[PDB]
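[1] Fold the following and give me the result.
(chains A, B, C, D, E and F)
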Amino acid sequence: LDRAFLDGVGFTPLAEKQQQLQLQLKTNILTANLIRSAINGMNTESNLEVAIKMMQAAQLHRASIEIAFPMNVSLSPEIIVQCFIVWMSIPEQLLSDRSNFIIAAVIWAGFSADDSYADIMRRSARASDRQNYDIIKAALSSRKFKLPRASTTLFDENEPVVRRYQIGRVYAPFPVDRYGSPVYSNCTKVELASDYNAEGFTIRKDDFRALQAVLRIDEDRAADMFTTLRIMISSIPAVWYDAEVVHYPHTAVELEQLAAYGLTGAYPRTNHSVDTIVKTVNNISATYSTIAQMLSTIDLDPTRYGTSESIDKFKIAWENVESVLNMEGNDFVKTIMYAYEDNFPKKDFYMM
Amino acid sequence: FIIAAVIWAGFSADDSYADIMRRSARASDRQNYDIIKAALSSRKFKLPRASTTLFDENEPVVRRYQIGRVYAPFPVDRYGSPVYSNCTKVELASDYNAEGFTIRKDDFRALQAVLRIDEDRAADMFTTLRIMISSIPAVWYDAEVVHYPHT
Amino acid sequence: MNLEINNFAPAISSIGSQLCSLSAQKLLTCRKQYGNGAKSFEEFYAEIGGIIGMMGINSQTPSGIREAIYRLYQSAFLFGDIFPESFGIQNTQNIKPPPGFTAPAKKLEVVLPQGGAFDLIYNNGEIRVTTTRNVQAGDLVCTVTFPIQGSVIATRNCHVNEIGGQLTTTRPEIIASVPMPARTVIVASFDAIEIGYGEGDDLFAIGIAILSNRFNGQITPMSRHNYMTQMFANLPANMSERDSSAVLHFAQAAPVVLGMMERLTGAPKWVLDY
Amino acid sequence: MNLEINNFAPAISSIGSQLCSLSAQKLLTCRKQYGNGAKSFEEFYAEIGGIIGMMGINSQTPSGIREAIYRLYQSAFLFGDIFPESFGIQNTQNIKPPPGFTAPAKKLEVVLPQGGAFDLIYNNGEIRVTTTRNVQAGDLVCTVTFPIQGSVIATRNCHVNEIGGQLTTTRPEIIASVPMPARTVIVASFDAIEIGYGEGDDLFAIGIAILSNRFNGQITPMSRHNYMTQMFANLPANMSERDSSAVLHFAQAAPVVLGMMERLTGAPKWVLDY
Amino acid sequence: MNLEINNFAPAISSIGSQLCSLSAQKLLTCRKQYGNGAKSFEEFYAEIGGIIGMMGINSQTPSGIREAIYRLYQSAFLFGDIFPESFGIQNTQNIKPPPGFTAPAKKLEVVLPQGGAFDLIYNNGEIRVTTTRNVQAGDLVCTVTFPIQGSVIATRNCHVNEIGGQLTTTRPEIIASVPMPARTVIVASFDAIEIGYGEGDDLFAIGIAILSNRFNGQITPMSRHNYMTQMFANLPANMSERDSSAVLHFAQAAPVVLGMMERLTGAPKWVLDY
Amino acid sequence: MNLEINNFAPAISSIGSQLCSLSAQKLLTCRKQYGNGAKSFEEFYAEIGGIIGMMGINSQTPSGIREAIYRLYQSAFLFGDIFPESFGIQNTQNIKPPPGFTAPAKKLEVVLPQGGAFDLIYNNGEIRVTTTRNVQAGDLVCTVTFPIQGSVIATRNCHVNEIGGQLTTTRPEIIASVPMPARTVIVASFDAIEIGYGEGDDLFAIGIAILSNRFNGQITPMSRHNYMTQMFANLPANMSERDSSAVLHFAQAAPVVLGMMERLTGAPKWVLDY
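    Residues are numbered from 1 along each chain as shown, chains lettered A, B, ... in the order given. For reference, the structure is listed below:
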């Protein structure tokens, strides 16, 4: 539903971001700076896919984003700058615990006096990532180091429409409040005692201030930034918000794509109305009701051939269901069912 | 044992492929396989192992000779569920790095998904096994391998 | 035990008995095809012993049947006269007849006339009383409070109504027929059938503990005979024999099925063929 | 109770403790993710709480865990010569230490040496004997057999080897300090911790009966204190203090987990944090 | 105190206990991630510690939580019957079992029969009686009205129904075994557990005053033991022991959580692990 | 045992307790994730024992945490009262409250009023004194010098200021209520909680020698009760109860963590939930 009804993305083109960062940077043009040279090799390709996954992570608290890091043991200027961008631009409620911990450790390895990325990864356990992340965030929110961590809040607003189901509240896929000011879990100020050093890579203290300055979302798009959230809140049933995750690749994005998405301040955008989405949901419910009624009037028998039935009898039982799924008005459920048979088989669907 | 060693070479923190292969001296093949299998079904790592059970369903027919039970070559159960010796789902909290060859941890879930057996497949397997079990003489099930190439 | 039976007990019993019979039939069906491999029979039953098509049951595992039995028993026999809307009850009048009783009447229940005239001792199937004082022919000696049907054997120094050796009324009364002085003794043996089903007594003992560990304030472990005597004593007066039979059938089937789902042996005929 | 603990006990006990800890972790995890609805808590637990994947447990239902506990318990503590080769027992070279004991020493076991010169009575925290005749100073009057560890408080007309308030030995002995007349009373109270744990005693009562109904001729239901004293008395002499701790941890973890799987309440910290 | 418990208390106590458990978990989560000492810990909690999502509660401040427990406690204990549907519970019987009681029974209530044959002295964990006249063996001397469970230690000149050191009955009845004349004394000590929870005793003291300031006409400050005894004695007669635990958990959990919200210390296991 | 408490002790304890709690959490996680193999749990811990995220301290290794514990204990409690600049000891204006005390009061400390008119003997939880001569009713006979709070039971010939069973003051004073002749015995039993924590007593026993072998001239092995009493008595008078709580927590948390790093068992809850 998110992929079908979100056909656009409201980002800003990268050239203006590069010019803004060049204006904010207090460095000579001849001198080479790695934070500047790392955003010149980035592109806003696939911002739409990242926007769809952001919306899914906002709606479902179990489908938190898992980041795929190209690095294994070593680091790189691109990795460091992208981790900083993710830290300062992507709220933590939309990221998984491991995704938070990896970027937190990358940030901490440069500000730590003796710790290194390889040691932090080897000593830490994937089981306790949330604790270690909390400790690192507390360390980075102390009075010696202060890095603002992006956050988000819940929203209740909705456009009026006729629907048979109750709705809930979701997080926002962007880091601002209703007023339009950026949201941070901790302080909004940046000050550091020393520089950033990890391996030979180094960043000046004013570079982070410039990066914070350039990562401010445009106030003008606020009206367009919330209509999509309104129509997404007002048209999705609330009882689906506790659903699990069945297809892993739907929640996986690589680091460069997420960094490019967060740098340009992209947000999902749509051109459809509220009633089309609720009509689609009503169609899905109608298909389920039709199949349930057919099963209740034909197949509902407890005396014989239940759990003990051999796998050979499944051909007869399934024929009626796949005949029902082939009539008009059931194409959405049929397509979703046939596309992902590997993850959700026919037997579990039949039992449900 | 060799399959288990090749798999465990990339998940153990310290032992390499040669170090695991060296374990042949202070143990047996069965015991070393048991050790590595127990290491692959721990809290840190969970790799499902294909298993099978004895099969005894035959369709009656008049015959002169004796009948016996045979294992099912396929790893699916009579009711279509997969049969695994240790765990039903792959959940490993590390990456396979062995000798500079690396595979992300998320590829194993996809590999498990693509190896799943559908319903009509299992129906056909059991249809063939049921007719094969009820007609082959069972007196020769205790035979000793003669032409090795056949194994 | 303390327990209150509401006016809609037959409706609840007609669903509970059907659920018990379904579970027992499924148990035998799964018992017939057990692979006899590395898995035990308990795991096999826990994996494939559930019912999937009955309205009222919310799980496909045996625990669902257990929880449904608990709800039905609590609604039908315990203090809370709660009508279970979750199971579908459409007609409270339609009630399939239950199988006839099979329990032999060994310890027959009788009450003395209250004149303090006789002494009561029991035996395998007969009662026999001794006269404390002189008694004249043609007066009451004993009467049974637990209804009984069957034949009569070895009637000495007493009279009971009988046609061809068969008892006439379901509550026979014993009256002396001869003037009998000097502390004589009379006997009365019955080859009859009391209330309940004799078969499956081992499962009842293990299931009554299971359902008394839950309703410990209302139910206590005891023998089947005492349980049925109290259950019959608690029945309402405005109750026909067609309905009380269903109530008692469910009252005995619930502990038997609860104990059968633990010890996965067979099931009695009166439970299977309901 | 008759039982013979073998040399292979620590290997079985490690697996048993690991299985019990996994069961407790799954129980608490499923207890936090239960939303009130149509299904009761027991149905919810039956469907997902049972699934645990280790070598030798072949089931996604609590029945598999119950059978695994039964088999491991019979292999470790029962008389039959049984070993389960199917579990992860081959790689038990190193054993994680079990948690330390926390059971208060309320009834501590002592033995009067000889001569019937002293009469023994017990109290909540203290012991006391009456001398029936004259006694010399500095001789043994009582000595403990069940090891204890902790501080000593309120000692009168006696002496124990303690420095700084802490007992130096795990088996303290009490000796009179001054020649005392007949009818004198010597007392000794201890704020110590005996073998075994304290939490989970409600689950122990319903688990010991569960595992006594199976091994009906080998185990008799009784309190935790007598159970642990007999387990300690049946330990072989040639055993380290590290392996005996694991054996005695499993010997109590099995009944409490068996009882916990019946009443779906919480779990003790010592069972869970193994 | 004066109060009556409605017949639908467990369905409200379940919601109250769940709310208290979520509050405690949120408090501990905030405690762990508090890393900057510049801001007072009270300020940090008051900033984000009140955001909890549940049916019925619609507040993002600790004040809303306090009013929620106030309203639940009032509905459940002070007033008469109120239907559970008002708080939006979906199903009445689907209540998660509460953790078992872990409170030590140091003081043990007993009621002597009429006639004043014996005198009652309570010690730390046992009871002594002194017989003022001649008494024959085989008659009751004491009976326990507060339910108790656990082992028995150091019994002298008395008999109690028990096997293996474990008390067979929850309410024991102490009887004499041999006739004892001329002003004797007999004792009966128990290593048992009562009906409350032991941990969080200070938090209870802080919160009982807080919730007695509001319902001043019904609730007065006192000790935890007396509070629990009166709450148990004020329960309705027609209530199973499985459902009494649910209300007894919330009755003690509400004061503890109310006190804990003031002094931002840790939470007891029986509150958080629900 | 001589030790000097500086006026910056709470600031030091604020970091010491955090270090101890973080070390304990890491051990429990490693213990759960440890897979039995050729490497021992002790060698496995040395590699991944070190904590992360604490600047100004050496803790990348277990030995580093041990050395940090040594330095912090020396700076906070020993005669070397020098505040380390490794951490911002000068500030630390706002701290986190520590968990409430849980240690039961079995040997409560008292002081006789003046000269010696009584004969005092301790008990499991009570104290009894016998008057040598006649004493009037309404005068102080005993006073506790160690703070205590809880309930009061078995009040015989005395009186304590308490309402509803709960003691009004932290230091109750015992006063006779009836004119009593000589040899009269007054008692007072308290179901209360003293200062300290009752869990991890063995861990303290092993850990105290660890830092006694380092600070030979200042610290000697002793019981937990005596150590806590001395530590409380050596605190300065002009200190708040909330401020002294952190010092009292760390004074016991350091030895138990030191012993925990040696015996790789579990850690007590109060150390973890700081």
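[2] Just give me the neighbour total for the residue nearest to residue A:273 when sequence neighbours are not counted.
    Of all residues not flanking residue A:273 in the chain, residue A:231 sits nearest, at 7.4 Å (CB to CB, 6 or more residues apart in numbering or on different chains). Quick note: C-beta positions are derived from backbone N, CA and C, even for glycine. A total of 22 residues lie near residue A:231 under the criterion other CB atoms under 10 Å in any protein chain shown.
[3] Residue A:231: helix or strand, and which one exactly?
    helix A:222-233 (DSSP states H and E).
[4] Tell me the buried residues in stretch C:208-217?
    C:208-212, C:214-215, C:217 (16 or more other CB atoms under 10 Å in any protein chain shown).
[5] Just the element for the one residue in chain A that gets nearest to chain D, please.
    Ranked by CB to the nearest CB, the top residue of chain A for proximity to chain D is residue A:242, at 7.7 Å. Under the criterion of DSSP H and E, residue A:242 resides outside all helices and strands.
[6] residues in contact with it?
    Applying CB atoms under 8 Å, 6 or more residues apart in numbering or on different chains to residue A:242 gives the contacts A:61-62, D:35.
[7] how many other residues sit next to residue A:220?
    When neighbours are counted by other CB under 10 Å, residue A:220 registers 9.
[8] hmm, back to that, return the set of buried residues in the helix or strand following the helix holding residue A:231.
    Counting by DSSP H and E, the element after helix A:222-233 in chain order, helix or strand, is strand A:252-254. Buried residues in strand A:252-254, defined by neighbour count with 16+ other CB under 10 Å: residue A:253.
[9] give me phi/psi at the residue positioned nearest the centre of chain A?
    By CA atoms, centre = their mean, chain A has its centre lying nearest to residue A:54, at 3.1 Å. Main-chain torsions, residue A:54, degrees, to the nearest 10: phi -60, psi -50.
[10] Name the residue of chain A that lies nearest to chain E.
    residue A:138 (2.4 Å).
[11] ok, that residue - contacts?
    E:33-36, F:53.
[12] Recalculate using a threshold of 6 Å.
    residue E:35 (CB atoms under 6 Å, 6 or more residues apart in numbering or on different chains).
[13] Where does it sit, in terms of helix or strand?
    helix A:129-140.
[14] same check, this time on residue A:23
    helix A:14-24.
[15] what does the stretch 151-300 of chain A put close to chain C?
    Proximity of the stretch 151-300 of chain A to chain C, by CB under 6 Å from any CB of the partner chain, involves residues residue A:300.
[16] Skipping its backbone neighbours, what lies nearest the residue in the stretch 51-200 of chain A that chain F sits nearest to in space?
    Nearest residue of the stretch 51-200 of chain A to chain F: residue A:135, at 3.7 Å (CB to the nearest CB). Closest residue to residue A:135 apart from its sequence neighbours, by CB to CB, 6+ apart: residue F:53 at 3.7 Å.
[17] For residue 191, list each beta-bridge partner.
    Unless you meant another one, I'm taking chain A. residue A:146 (DSSP bridges).
[18] Not quite, go with chain C.
    Beta-bridge partners, per DSSP bridges, of residue C:191: residue C:151.
[19] What separation do you get for it and chain A?
    According to CB to the nearest CB, to the nearest Å, residue C:191 and chain A sit 38 Å apart.
[20] if I pick the residue of the stretch 151-274 of chain C found nearest chain E, what's in contact with it?
    Scanning the stretch 151-274 of chain C for proximity to chain E using CB to the nearest CB identifies residue C:217 as nearest, at 4.6 Å. Residue C:217 makes contact with E:240-241, according to CB under 6 Å, 6+ apart.
[21] Residue C:142 too?
    Counting by CB under 6 Å, 6+ apart, residue C:142 has contacts C:110, C:174.
[22] next one: the one 10 residues further on
    The contact partners of residue C:152, taken as CB under 6 Å, 6+ apart, are C:160, C:162, C:167, C:190.
[23] who in chain A is up against chain E?
    A:134, A:138, A:141-142.
[24] and which of these is nearest residue E:24?
    Closest approach to residue E:24 among these (CB to CB): residue A:134, at 18.0 Å.
[25] wait, isn't that closest one in contact with residue E:34?
    No - with contact defined as CB atoms under 6 Å, residue A:134 does not count as touching residue E:34 (9.6 Å).
[26] any idea how far the residue nearest to residue A:273 is from residue B:98?
    50 Å (CB to CB, to the nearest Å).
[27] longest helix of the chain?
    Picking chain A for this. In chain A, ranked by residue count with DSSP state H as the criterion, the top helix is helix A:274-298.
[28] please go with chain C instead
    Chain C, longest helix under DSSP H: helix C:9-32.
[29] neighbours of the nearest residue to the residue nearest to the centre of chain A once chain neighbours are set aside, just the number please.
    Nearest residue to residue A:54 in three dimensions, chain neighbours excluded: residue A:173, at 4.1 Å (CB to CB, 6+ apart). Look at residue A:173: counted by other CB under 10 Å, it has 27 neighbours.
[30] Where does residue A:173 sit: helix, strand or coil?
    Look at residue A:173: counting by DSSP: H, G, I helix; E, B strand; the rest coil, its state is coil.
[31] Is it correct that it is in contact with residue A:55?
    Yes - counting by CB under 6 Å, residue A:173 touches residue A:55, with 5.5 Å between them.
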